[PDB]
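Q: here's a sequence, model it:
(one chain, ligands or ions: 1)
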Amino acid sequence: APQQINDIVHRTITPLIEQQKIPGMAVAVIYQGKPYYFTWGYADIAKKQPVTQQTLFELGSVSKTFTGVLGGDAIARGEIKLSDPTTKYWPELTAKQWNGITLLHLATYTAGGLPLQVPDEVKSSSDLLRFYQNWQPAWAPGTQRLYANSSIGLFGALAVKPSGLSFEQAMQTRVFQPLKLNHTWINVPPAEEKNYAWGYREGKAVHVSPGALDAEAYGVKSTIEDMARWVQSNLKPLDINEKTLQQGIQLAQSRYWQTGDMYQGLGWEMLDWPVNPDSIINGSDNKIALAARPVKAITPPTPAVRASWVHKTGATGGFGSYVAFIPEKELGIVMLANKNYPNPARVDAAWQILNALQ
Ligand SMILES: O=C(Cc1cccs1)N[C@H](B(O)O)c1ccccc1
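A: Numbering: from 1, shown residues only. Below you will find the coordinate block:
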């Protein structure tokens, strides 16, 4: 890598790994469109397996960006419309609080207070119908944003219904394969287990547990190479050959709602560039990011703005990920770690690196 990239990445990440006691980490910097990779530490402490460019990490909520894009692709295919009521795709959702709640509200966490987590007790498909039927919104739809797995998770499940494909099959066929993300998975195959890093929570090696709508909200595992390709795809959607996927990417970066200086896309979150680093750094902290906040509708949504800082944080019990890019500068970064460490530390490091290179 050019020495400038080598230096800012190592001078920023090495201290981070030491301060946060991260076992293993992989970073990709996309500079002028080309990827540069960096790895440190361990994917499996006990077995002394190092992190490599082929190591799989749990992406946690960064998976929502894939769900948003898959949803965008379904819209582009004419299979669903964000203005469609949720009941159009789940007629069994007859409870009256659902009248007025559209796929847009589900995708953008504005349905009226759907909860952050789907309860552990929910497993069967009928357990899920019961959970949503019994949920009582705190607010009218389209008035407040409350980040929630049960919101975008349901959007993902419903978005693929017209296709008749399972969510995993749709994701593989319509997003992973076209983009050549050949080492990106919702369920890690046995052939790839040798590369699946363990996550570490309080020193214990752990992997994400099965849960309702897990694939849709936090279930993707990927390598640093495939994630750099994901960043390149989102930085330059026009280079993508598959028409509906190119449009879906563009739709996921449209600005649907505004809260403070942040705009909500489908999965992706965006701020105008140049950004005030404190605004995105402090903003990433969980109980700012997970708070109930009033939203202003952007009517109609603003098409993807090239001069934006587009990003998403993600975590599972044992992993912490972060992706951010700036279309206008053809610049981006992916940070994958097998410890769920504070979001502000991720954003601070990313900003230090990208600001140095911009
Ligand atoms: O819920 C998850 C995945 C899991 C975290 C712990 C067990 S599964 N992730 C989202 B996302 O990374 O934003 C989340 C939700 C609530 C709090 C922190 C993270």
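
Q: which residue packs closest to the closest residue to the ligand within the chain, ignoring adjacent ones?
A: Closest approach between the chain and the ligand, counting by CB to the nearest ligand atom: residue 61, at 2.6 Å. The C-beta positions use only the backbone N, C-alpha and C, and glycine is treated the same way. The shortest distance from residue 61 to any non-neighbouring residue, by CB to CB, 6 or more residues apart in numbering, is to residue 314 (3.9 Å).

Q: number of residues surrounding the one you found?
A: 24 (other CB atoms under 10 Å).

Q: contact residues of the stretch 151-300 of the chain facing the ligand?
A: 208, 218 (CB under 6 Å from any ligand atom).

Q: report the central residue of this structure.
A: Closest residue to the average C-alpha location of the chain: residue 62 at 2.3 Å, with CA atoms, centre = their mean.

Q: surely it is in a helix?
A: Yes - looking at residue 62 with DSSP: H, G, I helix; E, B strand; the rest coil, it is inside a helix.

Q: so it makes contact with residue 324?
A: No - taking CB atoms under 8 Å as the definition, residue 62 is not a contact partner of residue 324, at 10.5 Å.

Q: and for these two, which residues touch both?
A: By CB atoms under 8 Å, 6 or more residues apart in numbering, residue 62 and residue 324 have these common neighbours: residue 312.

Q: direction included, what does the strand ranked longest in the chain pair up with?
A: The single longest strand within the chain, with elements called by DSSP state E, is strand 34-44. With DSSP bridges as the test, strand 34-44 is paired with strand 24-31 (antiparallel), strand 49-50 (antiparallel).

Q: so the residue nearest to residue 61 bridges to which residues?
A: Applying DSSP bridges, one finds that residue 314 bridges with residue 321.

Q: try residue 35
A: residue 30.

Q: surely residue 333 touches residue 352?
A: No - if you go by CB under 8 Å, residue 333 and residue 352 don't touch, sitting 10.2 Å apart.

Q: tell me which of these two has more neighbours.
A: In this view residue 333 and residue 352 are compared by other CB under 10 Å, and residue 333 has more residues nearby, 27 against 17.

Q: just say helix, strand or coil for that one.
A: strand.

Q: contact partners for it?
A: Shown in contact with residue 333 (CB under 8 Å, 6+ apart): 27-30, 231, 322-325, 350, 353-354.

Q: now it: how far from residue 237?
A: Note on residue 333: its distance to residue 237, by CB to CB, to the nearest Å, is 18 Å.

Q: pretty sure residue 168 is touching residue 189, no?
A: No - taking CB under 8 Å as the definition, residue 168 is not a contact partner of residue 189, at 11.7 Å.

Q: circling back to that earlier point, please identify the most buried of the strands paired with strand 34-44.
A: Counting by mean count of other CB atoms under 10 Å, strand 24-31 has the highest mean neighbour count of the strands paired with strand 34-44, with a mean of 26.

Q: pull the distance from that one to the chain's centre.
A: 16 Å (CA atoms, centre = their mean, to the nearest Å).

Q: how about stretch 64-78?
A: Here the centre of stretch 64-78 is set off from its chain's centre by 13 Å, with CA atoms, centre = their mean.

Q: and if you look at stretch 289-298?
A: That offset, for stretch 289-298, works out to 18 Å (CA atoms, centre = their mean).

Q: and what of stretch 333-348?
A: Here stretch 333-348 shows a centroid-to-chain-centroid distance of 13 Å under the convention CA atoms, centre = their mean.

Q: mind listing what's buried along that stretch?
A: Applying a neighbour-count criterion of 16 or more other CB atoms under 10 Å, one finds 333-341, 343-348 buried in stretch 333-348.

Q: hmm, back to that, please produce JSON lines containing the strands paired with strand 34-44, extended by distance to residue 144.
A: Listed next are these as JSON lines, based on distance: least, CB to CB, whole Å:
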{"stretch": "strand 24-31", "distance to residue 144": "34"}
{"stretch": "strand 49-50", "distance to residue 144": "45"}
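
Q: just put these in CSV and tack on distance to the ligand.
A: Shown next, in CSV, are the strands paired with strand 34-44 (distance: least, CB to the nearest ligand atom, whole Å):
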stretch, distance to the ligand
strand 24-31, 17
strand 49-50, 23
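
Q: for residue 297, list each beta-bridge partner.
A: residue 257.

Q: residue contacts, it?
A: Contacts for residue 297 (CB under 8 Å, 6+ apart) come out as 142, 256-257.

Q: kindly report the same for residue 251.
A: Counting by CB under 8 Å, 6+ apart, residue 251 has contacts 71-72, 75-76, 266.

Q: next one: residue 62
A: 220, 227, 312-314, 321-323.

Q: ditto for residue 41
A: Residue 41 makes contact with 17, 22-25, 50-51, according to CB under 8 Å, 6+ apart.

Q: and if we set it to 10 Å?
A: 17, 22-26, 50-51, 197, 337-339 (CB atoms under 10 Å, 6 or more residues apart in numbering).

Q: mind listing the shared neighbours of residue 333 and residue 352?
A: Taking CB under 10 Å, 6+ apart as the contact rule, residue 333 and residue 352 both touch residue 9.

Q: specify the local secondary structure of residue 168.
A: helix.

Q: give me the number of residues near it?
A: 16.

Q: these two touch, right, it and residue 219?
A: Yes - with contact defined as CB atoms under 10 Å, residue 168 reaches residue 219; the gap is 8.8 Å.
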